[PDB]
Every structure is written in C-alpha cells, then in structure tokens.
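Q:
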Amino acid sequence: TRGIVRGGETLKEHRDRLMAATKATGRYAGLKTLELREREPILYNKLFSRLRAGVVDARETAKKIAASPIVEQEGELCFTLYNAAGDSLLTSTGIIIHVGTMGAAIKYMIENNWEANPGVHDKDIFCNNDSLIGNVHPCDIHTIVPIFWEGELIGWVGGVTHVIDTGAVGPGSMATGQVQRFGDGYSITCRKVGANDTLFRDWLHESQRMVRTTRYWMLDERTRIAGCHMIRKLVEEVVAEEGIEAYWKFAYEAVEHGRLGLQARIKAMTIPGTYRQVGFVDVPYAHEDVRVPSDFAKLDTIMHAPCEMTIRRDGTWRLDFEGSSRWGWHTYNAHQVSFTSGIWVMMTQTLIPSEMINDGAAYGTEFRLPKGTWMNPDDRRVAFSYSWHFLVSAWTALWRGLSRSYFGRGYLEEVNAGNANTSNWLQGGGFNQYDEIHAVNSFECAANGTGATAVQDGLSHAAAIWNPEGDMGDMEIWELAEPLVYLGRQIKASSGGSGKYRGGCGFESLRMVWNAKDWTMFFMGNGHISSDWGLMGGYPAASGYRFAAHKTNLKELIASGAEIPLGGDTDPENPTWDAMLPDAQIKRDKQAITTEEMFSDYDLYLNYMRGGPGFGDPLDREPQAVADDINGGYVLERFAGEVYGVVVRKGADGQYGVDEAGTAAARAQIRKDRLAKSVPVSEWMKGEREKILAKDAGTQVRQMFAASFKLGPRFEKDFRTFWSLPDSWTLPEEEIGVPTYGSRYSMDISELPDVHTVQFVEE
Amino acid sequence: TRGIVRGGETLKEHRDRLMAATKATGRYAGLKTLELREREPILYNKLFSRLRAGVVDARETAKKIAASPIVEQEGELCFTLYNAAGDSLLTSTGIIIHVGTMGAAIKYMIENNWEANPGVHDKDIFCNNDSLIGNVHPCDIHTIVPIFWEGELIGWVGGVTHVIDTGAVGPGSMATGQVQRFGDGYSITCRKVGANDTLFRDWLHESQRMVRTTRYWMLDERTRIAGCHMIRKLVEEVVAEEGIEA
Amino acid sequence: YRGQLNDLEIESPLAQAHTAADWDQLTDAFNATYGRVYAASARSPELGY
Amino acid sequence: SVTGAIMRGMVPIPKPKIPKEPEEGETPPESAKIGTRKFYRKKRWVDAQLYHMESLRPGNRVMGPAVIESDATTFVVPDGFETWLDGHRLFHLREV
Amino acid sequence: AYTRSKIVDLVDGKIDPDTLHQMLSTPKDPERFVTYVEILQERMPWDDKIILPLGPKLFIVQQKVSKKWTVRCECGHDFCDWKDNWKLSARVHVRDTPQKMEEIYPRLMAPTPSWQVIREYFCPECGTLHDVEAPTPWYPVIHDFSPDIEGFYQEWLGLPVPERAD
Amino acid sequence: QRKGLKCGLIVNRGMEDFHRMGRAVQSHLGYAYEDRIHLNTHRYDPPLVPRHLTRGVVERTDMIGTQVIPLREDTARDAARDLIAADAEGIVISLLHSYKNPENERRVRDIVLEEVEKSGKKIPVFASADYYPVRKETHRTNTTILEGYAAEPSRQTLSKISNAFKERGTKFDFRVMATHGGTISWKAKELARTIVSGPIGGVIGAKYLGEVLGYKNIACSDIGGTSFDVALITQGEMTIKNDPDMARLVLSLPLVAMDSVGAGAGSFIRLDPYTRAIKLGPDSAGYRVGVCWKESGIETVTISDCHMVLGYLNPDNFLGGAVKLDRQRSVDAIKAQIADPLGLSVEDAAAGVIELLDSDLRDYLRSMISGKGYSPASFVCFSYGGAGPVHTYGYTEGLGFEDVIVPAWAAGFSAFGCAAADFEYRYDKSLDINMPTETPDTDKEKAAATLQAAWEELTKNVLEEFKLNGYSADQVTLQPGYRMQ
Ligand SMILES: [Mn+2]
Ligand SMILES: [Mn+2]
Ligand SMILES: [Zn+2]
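Protein chains in written order, with the authors' numbering: chain A, 14 to 776; chain B, 14 to 259; chain C, 573 to 621; chain D, 622 to 717; chain E, 2 to 167; chain F, 88 to 572.
#1: Among residues of its own chain, excluding the 5 on either side of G504/F, which ones have a beta-carbon nearer than 6 angstroms to its beta-carbon?
#2: Where the beta carbon is closer than 7 angstroms to any heavy atom of ligand 2, which residues qualify, in chain order?
#3: Looking only at its own chain, which residues have a Cβ that is under 6 angstroms from the Cβ of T128/F, when we skip the five neighbours before and after it?
#4: Could you spell out where the alpha helix (DSSP H) holding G373/A opens and where it closes?
#5: Where does the unbroken beta strand (DSSP E) through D197/A begin, and where does it stop?
#6: Tell me which same chain residues have a C-beta within less than 8 angstroms of the C-beta of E160/F, skipping the five on either side of it?
#7: Buried or exposed, going by whether 16 or more other CB atoms sit within 10 Å of the CB of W527/A?
#8: Taking only beta-carbon positions, decide if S573/A is within less than 9 angstroms of chain F.
#9: Where the beta carbon is closer than 5 angstroms to any heavy atom of ligand 3, which residues qualify, in chain order?
#10: Could you tell me whether the segment 308-327 of chain A touches the segment 397-410 of chain A, where touching means 3 or more Cβ pairs closer than 8 angstroms?
#11: Taking only beta-carbon atoms, is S517/F less than 9 angstroms away from chain A?
#12: Give the range of the beta strand (DSSP E) segment to which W162/B is assigned.
#13: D316/F by DSSP, collapsed to three states: which one?
#14: What is the C-beta distance between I639/D and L170/F, in whole angstroms, given that I count them as a contact (C-beta under 8 angstroms)?
#15: Can you tell me where the alpha helix (DSSP H) with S338/A in it begins and where it stops?
#16: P18/E versus chain F: which residues are under 9 angstroms apart at the beta carbon?
#17: Please tell me whether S465/F and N304/F are closer than 9 angstroms, where the distance is taken between their beta carbons.
#18: Distance, Cα to Cα, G16/A vs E22/A?
#19: Once DSSP output is grouped into helix, strand and coil, what is the label at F420/A?
#20: Let's test the definition: count the other Cβ atoms within 10 Å of the Cβ of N432/A and tell me whether it reaches 16, buried, or not, exposed.
#21: For the alpha helix (DSSP H) containing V112/A, name the first residue and the last one.
#22: Below 8 angstroms on the Cβ atoms is my guess for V283/F versus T266/F; work out the distance and round it to an integer in Å.
#23: Please confirm whether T23/A has its beta-carbon closer than 9 angstroms to some beta-carbon of chain F.
#24: Run the CB neighbour count on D233/A, radius 10 Å, all protein chains shown included, and call it buried at 16 or more, exposed below.
#25: In chain A, what lies closer than 7 angstroms to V162/E by C-beta?
#26: Which same chain residues, not among the five before or five after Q221/B, have their C-beta less than 7 angstroms away from its C-beta?
#27: Taking the alpha-carbon positions, what's the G481/F to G353/F distance?
#28: Would you mind giving the Cβ-Cβ distance between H155/B and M122/B, rounded to the nearest angstrom? I have them listed as a contact below 8 angstroms.
#29: Whole-angstrom Cβ separation of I51/E and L41/E, contact assumed at under 8 angstroms?
#30: Using 9 angstroms as the limit for Cβ to Cβ distance, is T236/B near chain C?
#31: Tell me which residue opens and which closes the beta strand (DSSP E) that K36/B is part of.
#32: Quick one: give me the first and last residue of the alpha helix (DSSP H) that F92/B is part of.
#33: Thinking C-alpha only, which one of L96/F, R100/F, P369/F, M108/F is nearest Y236/F?
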C-alpha cells in the first residue's frame, strides 16, 4: 500500500528516515551539502523570495476578513509553510510561536498514523488547538491543510488565529476561574473538519455553540481557511512555474540553512562559556477574589525557572532548566513545545533576524526540560488558558544571559535586558451593546515597554515577547467590540525600570462600563513580583496592581458638572480619582489576578500594561534625560532625586531643568549612603542562612523550594552547598501546611490508549 | 438529486409530509385505519413480538461489555428503534427517557439538512449528547446508526449509556462546580463519529482526553455500538424474512 | 478486554500453547468469537487483553 | 450588509497620441552628430559621441560611449551599453 | 568595517541612528571586540590589560606583573580571582520592607518583599552599582557568567591567550 | 523633511497622549521583513504635535453618536487660550467618534474660532469631522494634522495659479491628482488628498503608455531634482492601499503603493566630519542647480556638479542653453570640498559619488521588487526622471529586466500622466442595508429600492457637477457601484 508522500513512503516512514539522518549526521536530514543553494543559487533565492512574499501577503490580506480587532488590526495571526515531515520552510511574521506548535500537531498526526485513519486527503481541512500536543492555549486555533502535487503530499500549510474566547469558565481568552483542563475551554485534537474544501455541518453547529463570541469565531475560521488556501494555491503556482525538482530540494535545504544560520550567528555575536539566570512570577490564589471551585487550588505559589545556558566553541548551545518548579492548579502551565518555541521566537528577535526563519534554529538548539516541571508537565488534567504568565516570565531571563555575551564582545547595539510581563489582560463577559452574549480580551498588552539597551532607553508602549510588531489598536475600533468607553490613555509613569538607560514605560487605559448588561470583569497579570530584571545595574520594571470602582455615582457626577476621573492613575500612591468618588466601592490593591466580578454601567476598571527593565547604575544616567523623563511623563519627579541623584528645578515656563551642582553633590552623597547602608555579602549571608535554618519565609516561598528540590536534585545539591546546610535540615513539601495535590501522583497523556507522543526535548 | 428515504423523498420532506397529516387529521401520519393490524393481525403481532424481543435482548447482551457497573449491573442503558421520521416503534426497558431524546436528535438532523452535509450514509455512526437539543444531561451519550434497505433509509437505531463523567468542572456525573454551559462537560452535537462501521481516530483521541474515567467511557462506546449493530442486523433479518411492505 | 467485568469462554484451537505465534492464535480466536457474541465493531483491542 | 453606494462619471477627452513612425535603417544620420565630450567612468576617459535626440530616426542604434541630448533630456549610454529607438519615440537600453 | 569614532559613540550612548541601524541590520564586523576593548582600555586610569568587559564599570583584567586574572571595578578595586563570583566579595543592600521598596517604586507598583526582594550590589571603594538581583527570600547569590576566555581568544578571534598565572 | 508649521492639537481630555504614543505601530511602520522581527530596530520618530501643544476637552460621544459625557464648554475655552498663548500656528481638533456625531467637535471648533478672534492672531482651525470623517482616531488625527502642518503653506498655490489662469482666460476648473490615482477638484479644502500628486502623475502615464503598447507589467522609476520614485504596475493596474502608512504615519486616505529614496540631481554632497564618508542629501538644491550655476548662490556641491565634472551634462544645454552652467565652478568646488579632503582627483572625487549613487539606487530598485515577491525579469522598466535617463545604466545594470525603456518625453513624464488622466467625477453615500440569507422578496425589494434611490441621488450629483463644467448629460458615461460585506 503506497504511502502518500512524494516518495511512495508513508508520512511516518518519511519522517523516521529524516530524523535518523539528522541524528546520525548532525545536519538536518543529512544534508552535508546544499545542492540547489550551492549549485543553482539564483533559482534558490527566487523560490525563497517568491514564497516568503506569498505567506507574508496571505496573512496581511486574509486578516481583513475578521471581525475581532485582535486579528484584523493587531495581526495576532500567523501563516506557516511546512515540508512533508512537518518542518517549517518559511513564515509570515506575527504570532510565529505557532511555527513550532502547528509543526508538532502535524507531527502528532504523522506519529499516530492519521494516514491510515482518518486519512490525509487532498482538499481536506484539519482544525486543532490541543495544548497536550504542544499548543500555547486553547484560544489559539490552528487550521492545517495538506498540500498535494500530482497525487502525493509535498507539505502542509498552517494558519493560526487568536480567538476571543473558547468557552472556558472564565469569560475572556486568558481566563481564570477554571483550575484543570475540564473547564479550560473547547479543546480540538487534530480533527478532520472539512473535506473537498468544505466544512462539516456537525462541526459548525457544535463548535459555534461551545463559545460566547460566535460571529467573531466564525469569521476567525474564514481568516484561517482563506490564508491556507491562498498559500496552497501559491505553492502550486510556484512548483508549476519552476519545477517539482527544485521545489523539493528547497523544501529541505531551507531547513538546514536555518540551522547553519543559527550556528554562524552565535559564533559571530557571542562568547563561549556558561550563563546563569533565573525568573519568577506570582500566583496569589489564596486571596478572597480568586474564587475557584476546587479547595486544593487555594494557595499562593511562585513559578521558579532557573536556566543554565551553555554556549560551546563549535557554535551549538544548550538550555538546561533543572531546578524548575511543578505544574499547578491554575491556567499558567505550558508544554515542552510551548516553551521551546518561545525561546525560538526570541532568537528570531536578536540572533537570526537576518537568517532563515524556520525550524532550522530549533534543530541547532539543545533543550533539557525535566519531566514534571511546569514547562513539561506529566499530567493530562493540567490547564493552559494563560500559559504566558509563566512562559513570558521564563524567557525574559535569557535576554540577560544572551546580552552579557554581546556586551563583552562589543555588540552593544544588540544588548537587551529582557521583555516586559505581557500583561494585564482586560477580560469580561455578558451582554454587549448589540445585546448579544459576548466576551472581551483587550490586546492593549501587545504594546508594553521593552528592555533598555547598553546604548539607549527601551521603547515605551511598543511590543510583546510573542509579537515584536506592537500595536495598541485604535480606541475607536476597540469600542466597537467592547461595551466600555475610554476615559483615558496615558503613558504609565515610573513603570519603566530605572537605570543608566531606562526601560520602556507601559501605558494605562481607564474604562467606564457602557451599554453592557449582566456584565462581569476580572484582572490577570503579575502583582507581587516583577518577572524582568534589569541588567549590569538596572532595576526591574514595576509590578502590577488593580483598580476598580463600583457604584461610582458617575451618572449624577457627569450630569451635575462635578469632577470626574480622567486619563491615567498617575501616582497610585497619591491617587486623585478616589477623592472624586465619595460613594464608590473602590478596589485598589495588589491582587492582580481575580475571577469574574459583577460590574454595571458607569463602574470603573483600570487597564495597566507593564514596563521593561533598565540598564546600568541609575546614577550614571545623563541628568538631562531624567529631567526630560519628568516633563515627558515617564518618571515621577519624586524619584528623580531618590533614584538618579538628579536635582531638578522648575523653570518660569513650568518645565523641569537640571540643577547641575546640586545633581553632582547629590550623586556624591548617594555613593556614601550606599557604602554606609550595605554590608559585606559574608555578613548578609549568615543572616539569611539563619532565616533558612529556621524556615523563616512565607508558605509560597517554602513551597517553591520544596517542589523545586524534588524535581531538580542538582539544584537542591547546589542550594545546600551554597548555604552550607546540614543534612539534618530538610524541607518536605507536606510540612508547609498548604495543599499538595498532584505532587506525587500523576498520569500523562501518553498513558492513554493509542497515544504516541513526540519528544523534542531532553527531559 | 433524489432523497435518501425509502420513498425517494428526503428526510425533511418525508417528516414534513407526515407531521402535516398528523396536524390536519389528529392521528399519527393520517392513519385513520391500520391496514396491517386490521388486515393481517397475525403478521402484525409476529413483527411486534420478534422486534421487541430483539431490542430487549440487545440491551441485555451488550451491557456485559461495560466496565462501569452503572451499565453492567444497574442497566442504566437503553436501546430504541425508530422509523425514518424519527418516531420510536419499540424500546427495551431501562432509561427509556431517551426514547424521546434520541428521537429529538434524529429530528434535529432532519431539520438542519444533515442529509446534504455531512450526509447520512450506510454504515455511518453518529454520536451525540447535546442538551440544548433536548438531551437530559451531558453524561447520557447517544450512539445513532441509520438503518438502510436496498440503498434507502428505513429507520434508525439509538443507543444510550449513562457515562461516569464527561469532564465537567465537578468530578462526577451529577456534577456541581460549573454554573454555565462553559464547564458543564464534553458536549457532542450529532457528530459523525464513524463511517464504514469504524470509529474515527481523531474522535477517539480527542474524546478520551476530555474525560476522567477513560477506560469506562471507551467500553461504554462499544456497548452502544454493539447494541445498535445487533439491532440493525435484527431488522434486516426480519425484513428479509417478512418483506419490506409489511 | 482489559478493564472488563465479564469474560467469554473459548475452546482452545491449539492442544498445546508454547510459542509466540500460538499466543497470537489465542487472542485471534477470542476477537473472532467476540465479533460473534456481540458485533464486529464491539471489538476494542487497543485496551489490551 | 450593504455599506455604501458609488457613482462614477466619465466624459471623453483627447488623450495624448503615442507616435507610430515607420522604422528605418539602424545607421543614424550624419545630421544627428553634434561632436563629442570628455566622458570619465571606470578610471578611463573616452571621447563620447553626442547625438541630437530629435534628429534620431526610428530603428537607429547608438553604441556607447554616447550622450543623447535634446532641449531638456540627457540620456547617458556609457561605454559598455547600447540603445536603439523604436517607432514610438521610445529608446531601449541593452546591456551589450 | 566601522569607523573607530563610531564605535566610541556607541559606547558613549551617542551614536547616530543611521549607523545604529547599519550595525544592527548587516553582518557584524569581526574587528569589533579588539577595537572595543582597546577603546575601554584608554579610558581606565590603571594600565593593567583588560581581558573581557563584565559591565559598564566592571572587567576581567590581567595584573601587569603577576599575570593573574581578576575582576576589577573601573576605579581600581580587585574583587576576586576571575573564576569566582565577584558578588561574593562585594557589598549588598537588600530591599525587604515596604519602606525600602517605596524608595524606588511608588506604592502598589512596588513588589511585595515577602515574595520578591531587590538585592543591590556595590563596589566597596566607589559605591558603584554593578548589578541588582530580584529573587525570592532564601535564594542563593547568582554567578552570572563564567566565560570560556581561552576558546574565545584562541578559536573565535584567532588571538593568543593573554599570559596567565593562578 | 519635517519642515511644517508649529501646529497644535485639542483632543478628548484624558487621552492627550495618543498622538505621541503612535499607536505603538509607528515604531516599525514600513519595515522590511528582517527589521519587523529585529526588535532593537524599532524606533519612534518625533510626534508631529509635541505634548506641550496638545490640550484636552471634557467630552465623550459613544460609537453611535450618544453623548455620554456632554461637552463641558469651559474646558474648550481654556484649551483654545492655552494654544493661542503658546503661539500655535494652527489648531487641530480631534474628538472620538465625531465622524458619527460631530455636534461636540464642531462646538469646540466654534469656541476655538471665537477665542482666536479675540486674540487678534491669525490661527486657522481644523475639525477632523470637517476634513476626514472616518474611524480609527490615530489615522484621522494624523491626516487632519497634515492640513495644518504641511498643507497650509501650499494652500495659497492652487488659488494663485487658478486665479492667474482665469484672469488669463481659462474657462475650466483645474483638477488635481489625488492619492488613489484619480483626479479631484482644485477647490477641495482637503489638500492632503493631493500630497503625492506628482509621483502618481508618473505612475499614471506609465500605466497609460503600457495600455497603448501592451506592456502589462511595468516598474516605474523616476529621478527628480530631489528623490528617486519607484512603483510597480502589476497586470495593467496599480495597487491602492486603503488605510496606509506613509512617512511612518498612519493615514485615512487611500494611497497608491509607491516607494522612493531621497536622492536626485540636486541632492547635496557632504562628507561626515569624522568618518569622511560621502552622504548624499537628504536635502536638495532645487531650482538652484548647485555650484555650477554662477547666480544660484549655492556653495555646497550637488550630484549635478559631478555630472558636469564627469562630462554627463552639457554646460551649454541646461534648459536648451537658457541657463549658464560653468564646469570650472563645479571642478573647484568638488576639489576643495570632496577631492582634497579625500586625497583623490576631481575626476575620482566625482566618479565615486556617481558610483555610490548608482549602486544605492540599484540595490533599492532590486529590493523593492524582491520584497514584493517578483523577479525583475517579469517586468519592463520605464525610466523617466527628467534626471533618471542620466542613470538608467546605473540602477538597471544586470538586474535582468525584460526591457528598459527611456521614452523621448521622459522629462515631463508626470505632466504627461496628468494630461492623460481620465475626466472622471466620483460620488459616495453610506448606507445601512442588513439582509439575512433567507429573506422574503419584500424585504428584498425594499433593500433594492433604497440602494436604487441612493444611486439616483448620486447620479444627479455627478451630472450636476458636469453641467457646471460645461458638459451635458449626453456626454457623461455612468458606472454605478456599491460596497458590501
Ligand atoms: Mn493566544
Ligand atoms: Mn444520566
Ligand atoms: Zn569601585
């Protein structure tokens, strides 16, 4: 029975052959030479130039079909072209993390003999979003079309859209509320959803009633299908015009070219050696306003992600996450594919922007993700809807590590202290201004600030780790899809991390609920803990907080001519809105994660997008920059002196200027205070060691270590050595008093029948 | 093109014709007289006695396939035989409330042109539990097989099992925890889940990872499929022995 | 099949068992009769035996 | 959803008429030669012919180095290039 | 490729955008490191050779006489041998109360110090802030970077390794 | 060149920041594939209107015209007085959803207009609803700011010309080429519609010429005194972008897809004091050609000065010899400025500037084509700068174009495309027809009635303006169209 691949081999035989060559030889598919590229270089780039333009243009055109602004204006969609074995050749920009996620679904089909059943046929249509096979979160939905030529498969197209909602318990796309997979939303596992280019009615009727924002989902489906088919047609025209021979060579030489590309850029931009760095984020599920149904999920915890980054003389490199913490009862878990494609999107943004963007760099990187950590769970009950919470707090560390190598070597233009927490996600549900069931999810946190450089300040309100082409979207467009009105949009002062170069500031949006019925809202970002750290000096960006006002009496206040709250929440420590709202129930605290809360018309919700970390000692910053930050609204005048040692005087014009003698003398005095207030690290260490031996820390600090030691013995060994702790000191998780469900017992997806999962990671 | 019912009419034309007769006339399908029963009462009861025995005996046999005691010992399972228009002719005992639920699922398909898409083909297999169409609760899962004769649909078989769990927020079948449909468990809307008598792998993998008690769910599918197919085979033998006219 | 509560008696096709392919005949016999007792599509080999 | 309505209105106008001259020999007339200029390209000076654009005829050829001048256009054909004129008063650059 | 004064401007944070884009968007200049490190050298007030920059005011350095490798501030202070964590021989300020966090953050935008701490690390002689960590309570000090200096100079740069004692 | 007017802006109070935040987008607008992902590449330009010339009024109108927060007219009077005091040179007003209900934005405009009268100052006011009544507030505000920033200086020009010509006996109203390739009236106050009128002139002539001679795939290349304009005509048509970007600004007006680089016959040749590298432009000398023209007073050499040194230009035939161009002026100023600081001859001084430009223009033209997914051999290259026929060899060498054509009228090629432009009037009216799939044939005729009416209301508009231009209805050819979704 002939296999369907161009060879006559099956999908499985074909890929198994290619991975064997790759393993044995060290080069993708065994390609020790690139025949087309070396011998017919003109033909090689013409294919590259024409096909990469095709997918770029497909994404840009098709996104005019969607109703949701996330797809139509922000561009949270991607199109990828794959070879037979599910390796990408080329991609449009956008949410390119799904280069790898959709590649792994293609491989899951390959490895579980979809070929025999349900069959991969021409004109078929597959839809998938299953996180257990490596997708980021259910709200990101794939369409996958096989491409055939003269009767045989020659590759695949994938299209991803980020969809408003998938019917989880939480109303929104990064939803809280649910604590397991069951309730985490509509989960599609590589389903055959069409044949002969036409969708199945039983998929249409079932799928559309599993969600709130049906019209939005329906159109997000057509944006995918139209893109896939523009790309399928593109390929056929390219093959018919240049030949299957060349196309077939290109479909694999391109992928080894991407591996060759990563190696060469490492060797030219980096330094061999070892780099160590760590990242944390908070999960405050103890609080009253995280109302979750399962009692075993109400505890505070901290995500712990240490990375040992090894860079070798031959230009390979290794990322070891030994020491990391366990998955939990929340929606912040991830998958080994999620995680590693995340690290790949980062190398598309600094290491290989000017090389082939495809799975080549993936084959040139080594990943060790211990089984059972949050980044590699071993449990099929796990939940995913806001994977970015953990994911974006782990990858930010690696910017710093990678930036020390550019800095030592002299490529200071490339240093970057890391990504912002891509957060607060305005979410809610109910009846909207068209009186339809609806959900919300602002992609304003596509435009957080970004890490400072060794050369200049980070960009404000500019980007996210998962899409560098930032877009905040127009106020006038968002108000077509949410039942809220804007009372402010404002640069978020003192959100940027301080330094010689200041991190990018976030921004803020103040909303009034308007024309909503039976409406709820919630918040979802980091509160207690800043994920990014500064670099070579350099402080973390600000962390998160919440602001909601209920019963504002704002109908009367608007109408009677009284003061009403406008703009941003400029100094949350000295607020101005609260005085204006004497009757309101104001929620102003650090609890940056909540579940659904009744809101009504004229209630208030502050949307806050985070800043980025800074670079260098702050009192090396040029004083004039500090003064300009004060006028430009970037830094509150209070910290000009307290952080930068800059003394500013207001001119007749009302703007701030530099007092130079004052600024020098204040900097001189800060240096003596630093000497006087610090102590030798020897001294501090024996103090902290006493606290450790006494087990003096909150339950969430003690749980992070207990769980981390159990998954990563080399990390426990290192902690014990560092603090010089007796073997009599032990930290069993079960002694901390907090629930410990899922700490010993777990069941993996691979323990279910007929499941063959693909491994991409050392594990 | 020509409809699939034994007449040559579509499922929708066929039922629409019959509901109109019933509305105008006050008697199901217009039957002011019962031809077979009045004229061949012996043949009428012989068909009745052999077919009701078939569904009783199908339910009794197939329930020995399940691991869950709900099906195997308590018998919370049912098998029903339907005409083309989705009206029950006979049932086994047990959870017979699904006489009406599977009938409403069959009729939902009729009204939404399942015939055009995804098509009702011989040897096909449908799975459903959607409560918005009139099912009791997600945990009661239907298997629905069309029955064909000489190339035309002459009726359907439905099988119901109560399943231990369908992956709601709550662990259990009468679950609390969830407060809306979103979280109330795996909801299947008249899905075509098999063709040529064989289940689809993408349905198998997806469905088994949406629930907790997987092995139990898997075997509850085989108890359903087996009863349907014992009943499909039954009818064909009855028709081959007594005639399609009767 | 592995998780079940009831079993089927089967008359052994072999006198004597022993060698690999013979265990293959014993499973095959089972399947076959399970098709007769129930329905070809009742068969769930993926659960193991 | 019908979102708008449009109405266009065209009236005829004399459009500029592209010449369709009869093509003649490739050798250009002696009348078109206007001398030479010192022309410097790849570290080399050459005496580049000068041609009156209007005095060129359909079908002519001009081998570089030459500059083709009229009242207000200067067309540069360095050594290593060639041009010919067609019946529509269009020139064609060849690599050559 | 790049003019020397242009790589100076890059160090001084004063480079023009055209050349900043040129540096980013095109293949890197193999010569960068040797021009960079020489630019830093002439800005130090001590003649001992620089081996690798660790931060803006922090370096691995070769003692002119003993040939030992050490971590050094720009001011002069040697912290430790180059294979050791310099921070272990530095002075540290720990922000573990709301009062101290609210000196560099407005309230509500500050982290909560029972979850996350700011550890600032200074040179003992000049008070320069060479690095700030943001871990949890209990968390070890972090050894940021252990560079393979030999391979870098020898295999990637084609340069002799500087003389080295222990 | 950001040489507009010191213009100020009034928007909704609490949202003053949105202009300068550039919707984030404008830190990567018009970026090649590689820089879209290369994060450290993103960069914000200065805002057209700085923060100290923005002010806010307290008003709020929702997506269907309802006035949730009624306009507190006092805040509008302080807004006006602030910018009048700041000596603003024009004032732009952009309030959210004013396209839907312009009541509040036109009251603000009237109040501002009142305050400028009292001040005695000459400050014009631009309500966004009066100019670009379309959604997306960053697009609308940028476009409206253009009327204050850049349009106002050349506002004089179309009435100076039209007056000078009717004075002289013309019996028609001038039309202007507009961003979508069609002509509009010279009278329209939205001069920003006419901002890329010159380049689009060239693209239209090349389109016309192609149609006569069957060239369906043409790459247009124009070199003027200041820049190098480039567009592609793909299968008989130009591409028109709906909500485009241009000069890294989001805009609300439909635009023909083009590209350029800021070099031309008059671009100024300078050496970086520290690098001693040659930088062409970005400014130009313009009608003053450079040093070669004695009376121009131009002291810095221009590419046109290298033309004279190398023998490209004829000293005695600039404008037919109506303009005195002296080669020795070019030689002395090239030596002093370029040649001797670089230790080169005047020949090699001039030839290296031309060689750099040749390669710079060539790599751009090659790359705009590569980027759009095409090979240069799929196209024919029309070249028509007026100074472009001086470098046709340069930027085309070895690109592999099917053919490279220099039409004889290259120097007025845009004015050729303008005389070739269709005499066409267009008129639009929005609508609210909503139909399900299954609808009875009475809701269906009602819908067809109301669209049928709008075409008739529009049809009388087209014919009524053609009457005022001396055209009876018999000469007008009519083409109805509609917008659906
Ligand atoms: Mn997503
Ligand atoms: Mn039940
Ligand atoms: Zn020091």
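All residues carry an ideal CB built from backbone N, CA and C; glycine is no exception.
A: On the basis of the data shown:
#1: Numbered from its first residue, the sixth sequence carries residue 504/F at position 417. Hits under 6 angstroms: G288, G289, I291, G292.
#2: With the criterion CB distance below 7 angstroms from any heavy atom of ligand 2, the matching residues run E89/B, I108/B, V149/B, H150/B, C152/B, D153/B, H175/B, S186/B along the chain.
#3: Taking the sixth sequence and counting its residues from 1, one reaches residue 128/F at position 41. Within the same chain, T128/F has close Cβ partners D122.
#4: Residue 373/A sits at position 360 when you count from the first residue of the first sequence. For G373/A, the enclosing alpha helix (DSSP H) has its first and last residue at 373-376.
#5: For the purposes of this step, residue 197/A is taken as the residue at position 184 of the first sequence. From DSSP, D197/A is part of no beta strand (DSSP E); its letter is neither H nor E.
#6: By 1-based counting over the sixth sequence, the position of residue 160/F is 73. So the qualifying residues of the chain are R194, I198.
#7: Working through the first sequence from its first residue, we reach residue 527/A at position 514. Classification of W527/A: buried, given that the 10 Å Cβ count is 16 or more.
#8: Residue 573/A sits at position 560 when you count from the first residue of the first sequence. Not closer than 9 angstroms to any Cβ of chain F, the Cβ of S573/A fails to qualify, so no.
#9: After applying the 5 angstroms Cβ criterion, the set is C74/E, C76/E, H78/E, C124/E, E126/E, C127/E.
#10: Result yes; three or more Cβ-Cβ pairs closer than 8 angstroms.
#11: Residue mapping note: residue 517/F aligns to position 430 of the sixth sequence, counting from 1. False, the Cβ-Cβ gap to chain A never drops below 9 angstroms.
#12: As a working mapping, residue 162/B is identified with position 149 in the second sequence. Per DSSP, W162/B belongs to the beta strand (DSSP E) from 153-162.
#13: As a working note, residue 316/F is residue 229 in the sixth sequence. Here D316/F carries a strand assignment [DSSP, helix/strand/coil].
#14: Sequence index remark: in the fourth sequence, residue 639/D carries index 18 (1-based). Sequence index remark: in the sixth sequence, residue 170/F carries index 83 (1-based). Contact doesn't hold; Cβ gap of about 54 angstroms is too wide.
#15: Taking the first residue of the first sequence as 1, we reach residue 338/A at position 325. According to the DSSP assignment, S338/A belongs to no alpha helix (DSSP H), since it is labelled neither H nor E.
#16: Your numbering for residue 18/E matches position 17 in the fifth sequence. Going along chain F in sequence order, the residues near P18/E (Cβ under 9 angstroms) are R130.
#17: The residue you call residue 465/F lines up with position 378 of the sixth sequence. The residue you call residue 304/F lines up with position 217 of the sixth sequence. It is a contact, given that the beta carbons lie within the stated cut-off.
#18: Within the first sequence, residue 16/A is the residue found at index 3, counting from 1. Within the first sequence, residue 22/A is the residue found at index 9, counting from 1. Roughly 5 angstroms between the two C-alpha positions.
#19: Looking up residue 420/A in the first sequence gives position 407. In the structure shown, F420/A sits in a helix (DSSP, three-state: H, G or I).
#20: For the purposes of this step, residue 432/A is taken as residue 419 along the first sequence, with counting starting at 1. Buried, because 16 or more other Cβ atoms sit within 10 Å of the Cβ of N432/A.
#21: By one-based count along the first sequence, residue 112/A stands at place 99. Taken as a continuous stretch (DSSP letters only), the alpha helix (DSSP H) holding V112/A covers 111-124.
#22: For this step, residue 283/F is matched to residue 196 along the sixth sequence. For this step, residue 266/F is matched to residue 179 along the sixth sequence. With 8 angstroms as the limit, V283/F and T266/F qualify as a contact, their Cβ atoms being about 6 angstroms apart.
#23: Within the first sequence, numbered from 1, the residue matching residue 23/A stands at position 10. Closer than 9 angstroms: no.
#24: Taking the first sequence and counting its residues from 1, the one referred to as residue 233/A is at position 220. Looking at its Cβ environment, which holds 16 or more other Cβ atoms inside 10 Å, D233/A is buried.
#25: Looking up residue 162/E in the fifth sequence gives position 161. Those do not exist, as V162/E stays about 13 angstroms from chain A at its closest Cβ, beyond 7 angstroms.
#26: Residue numbering aside, residue 221/B sits at position 208 when the second sequence is read from its first letter. So the list reads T227, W230, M231, once near-sequence residues are dropped.
#27: The residue given as residue 481/F occupies position 394 in the sixth sequence. The residue given as residue 353/F occupies position 266 in the sixth sequence. Pairing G481/F with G353/F, the inter-Cα distance amounts to about 17 angstroms.
#28: By 1-based counting over the second sequence, the position of residue 155/B is 142. By 1-based counting over the second sequence, the position of residue 122/B is 109. Incorrect: roughly 12 angstroms between the Cβ atoms, too far for contact.
#29: Along the fifth sequence, one-based indexing puts residue 51/E at 50. Along the fifth sequence, one-based indexing puts residue 41/E at 40. About 6 angstroms; that satisfies the 8 angstroms criterion.
#30: Here residue 236/B refers to the residue found at position 223 when the second sequence is read from its first residue. Against chain C, the CB of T236/B has a partner CB under 9 angstroms away; the residue lies at that interface.
#31: The sequence position of residue 36/B within the second sequence is 23, counting from 1. Counted as a single uninterrupted DSSP element, the stretch harbouring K36/B is not any beta strand (DSSP E) but the alpha helix (DSSP H) occupying residues 24-38.
#32: What you label residue 92/B is simply residue 79 of the second sequence in a count that begins at 1. Not the alpha helix (DSSP H): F92/B falls in the beta strand (DSSP E), residues 90-95.
#33: Taking the first residue of the sixth sequence as 1, we reach residue 236/F at position 149. Proximity to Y236/F across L96/F, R100/F, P369/F, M108/F peaks at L96/F, based on C-alpha coordinates.
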